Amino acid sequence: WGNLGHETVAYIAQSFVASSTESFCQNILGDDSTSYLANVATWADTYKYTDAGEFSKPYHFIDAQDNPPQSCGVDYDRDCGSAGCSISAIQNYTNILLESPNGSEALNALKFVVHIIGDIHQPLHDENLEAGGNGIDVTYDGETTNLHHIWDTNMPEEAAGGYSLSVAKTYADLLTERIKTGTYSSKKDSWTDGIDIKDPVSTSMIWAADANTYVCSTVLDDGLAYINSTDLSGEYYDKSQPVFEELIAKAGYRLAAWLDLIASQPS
């Protein structure tokens, strides 16, 4: 996601974590504000364009070597790659927080976890094709951009009605209410199925596999001829909106569950 998506995911997680988890995170971050997770949710997307953080560029993705929209699937060993991926990063940074939450690596580990659980839910962060669709130029609202960019940024900002932190917060609140009482309120009971703090790879692969299915069902189900030739801010946006909204909701809810587990400090 772009910044709005990440911040929204983070605010959703803040609505579901336990008070002790809240303290656990605020103390690591040095941030006692009511935006403590949202404030650090975009940090990894800066870090990756620094000399020191450049190594972490691949940690945003797992490049599923599938064939959408006919066939989707993601596999850890096939797809992660030798430079690491979202899944291997979740394992590493989770384990740092399990082993040494008060150590000097914990701050960045937590910033990564908040960010990367977000990214695992963006279907095109879970797809190899044309660099996650970055290579697929498209028209959106009369302007040239690319398919990746509209999923990260244009469509979520359009749905949220902007891009400020306060807009992310409002959006998060809308989605959080959908989880508590609204359209996701039955489904969500099964959103943490399979979660296992002792098996971060399996846990995050469930999430990524779930998200990757939408590459076939929604992102590319119209086919590339349609995608390459049609302004995607019309019916394509309309079809995409319920999907990215549910995925952002899943990401926030799962992020909260995972933070609760981390803060519980299992031996």
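Residues carry their position along the shown sequence, with the first being 1.
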Residue range whose averaged C-alpha B-factor is higher in the record, 163 to 171 or 148 to 156: 163 to 171
Quick note on 26 to 34 and 60 to 68: per-entry mean CA temperature factor is higher in 26 to 34
Out of 193, 119, 127, 79, highest CA B-factor residue: 193
Based on what the PDB entry reports, which of 214, 43, 207, 226 has the top C-alpha B-factor? 226
Quick tally, chain-level thirds of C-alpha B-factors: residue 243 sits in the lowest
What third of its chain, lowest, middle or highest, does the C-alpha temperature factor of residue 100 fall into? highest
Select lowest, middle or highest to describe the third in which the CA B-factor of residue 17 falls within its chain in this entry. middle
Would you please rank residue 131 by its C-alpha temperature factor against the other modelled residues of its chain and give the third it falls in: lowest, middle or highest? middle
B-factor third for the C-alpha atom of residue 111 within its chain: middle
